[PDB]
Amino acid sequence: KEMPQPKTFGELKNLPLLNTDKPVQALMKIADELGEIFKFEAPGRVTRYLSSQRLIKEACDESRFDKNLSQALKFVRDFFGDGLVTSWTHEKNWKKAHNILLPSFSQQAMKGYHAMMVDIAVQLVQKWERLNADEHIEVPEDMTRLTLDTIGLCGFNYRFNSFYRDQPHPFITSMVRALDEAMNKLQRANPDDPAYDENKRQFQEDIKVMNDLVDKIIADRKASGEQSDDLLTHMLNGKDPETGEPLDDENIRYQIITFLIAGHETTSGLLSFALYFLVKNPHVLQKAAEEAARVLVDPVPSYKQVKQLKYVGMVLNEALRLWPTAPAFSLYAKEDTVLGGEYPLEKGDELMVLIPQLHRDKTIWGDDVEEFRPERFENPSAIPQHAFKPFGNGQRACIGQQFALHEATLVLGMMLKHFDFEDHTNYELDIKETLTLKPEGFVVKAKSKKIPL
C-alpha cells in the first residue's frame, strides 16, 4: 500500500507546509486530510505520523519498536543531555538513572510529597483570595508558578518562590525561549544562516540561566543541615548495583534540569486546559465543584481525600484526551518490518505518534470526540483499550505520571472548593506551542467562597 504524503517543494521537501508557531496543530490538519498515517520529509530526515489506534497499538509493541530520539528530543538534548527524557533506551545512563530514581515515585514517596504539594497549593489559593475586585487571574502563568514550585520543593527542597514574583520566574523565561528555539529549529531550512546567530547566542544564554539555577540547588543541598530523602538525594547517593558507582556529576545536572522542566511544564498545561474546559462547560464545573466540597471537608486536603476526587480525575483525563500537553512521542523500527500489514518499514524508520489524533479516533471513542465529556471515564466497561496515551508507552513511559495527576487533582480540587470562576472575557482557546501545548491569554476572575484555609 502506498504511503500518503503531502505536497513537496523541491529540495525543501514538506518543510514549507509548516512554517508556523503551531506545528502540531498544523500536523493534525494534515492527519485529518490524509488519514491514519502519512510520510513527512524535511531536508535530512523522514517521519511517518500515526493517528489511528490500530497503527499506534502496533507501534507500541516494544519487541518491534523502541523509543526514538526525534529531532525535537535531539535539540532539547542540548540542555537535557543524557537525562531520562533524552537518552536512548540502550544508552547506559538511561537504565542506570531509571533504576536509581524510580523509588522516588513509589506510593510511599508520593505520600511523603503530599504535605509539600499542599504548601504550594495553599500559596496559590492565598494569592487569589488576596486579589482586589478589579483584578483577574492569568491562568497558565499562575499554574506555572504552582507546578514549578511543587517540583522544586518536592524534588529538591528548593523554593523558587514564584508567588513572590509578579513576572515569570527567570528560569521559566529561559525555559520557554529554549523550548521555542528547539521547536523553531525543526522548521528552518538553513540553520547556519547568519540571521540565526542571535538565536544561537540567546539559546546558550538560556542554557546558562538553567545551569546557574542548578548550581544553587546543589549548593543549597550541600549546606543543608536537614536530612532529605527526595529525588535529589537519590540522584546523589543512589548506586548502580553492578559497578557500585553513582550517576556521574554531569548526568546529575542533566537530571535536575530534566525534572525541573519536564516535572512542571506539562502539568501546568494540564491544569490550564482543565480550567478552560470547566469554565466552558458549566454543568461539568458544578459537578466537579460539588465533589470538591463533598470530599475536601478539612482545612487542607489529605492524601486519601485527593484519591476520593474521582470526578476531578475524570475532568483531568478528559482534558488530557483532547489536548495532551506532551502531544507526541517517537519510535523507530528495531528491524525491517511491516506495519499494519500494509506499510513496509526499514530498520530505523521513525514513527511519530500524534497523541491528539489518537485521542480523536472515532472508531475508538465514538463520534463525539470533540465534546468535553468527563463521563467518558465514569463507566469502566465503556472506556477503550490501549487508546489513551498522554503519558507515553512501555518502559519509556512517564515516570512522574502519578506525581502529575496527584498534584493536579489536589490543586484543582482546592480551586473548586474555594472559588467560583468567571470566564469574564469569553476567552477563545489559543494554544501556544513550545513543543508542549498550553493555552495562552487565558484569563479568569475567581470569586472567593470565603472558606478558611
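From 1 onward, residues are counted along the sequence shown.
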Taking the deposited Cα B-factors and averaging over 66 to 74 and over 424 to 432, the higher mean is found in 424 to 432
Which has higher Cα B-factors on average according to the PDB entry: 326 to 334 or 298 to 306? 298 to 306
Looking only at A387, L55, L416, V46, the Cα with the top B-factor belongs to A387
Maximum C-alpha temperature factor, selected from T173, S228, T267, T89: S228
Tertile call for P140 (CA temperature factor, within chain, third-based) is the lowest
Mind checking which third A223 falls in for C-alpha B-factor across the chain? highest
In terms of the CA temperature factor given in the entry, to which third of its chain does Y311 belong: lowest, middle or highest? middle
Looking at the entry's B-factor column for C-alpha atoms only, identify whether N237 ranks in the lowest, middle or highest third of its chain. highest
Looking at the entry's B-factor column for C-alpha atoms only, identify whether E33 ranks in the lowest, middle or highest third of its chain. highest
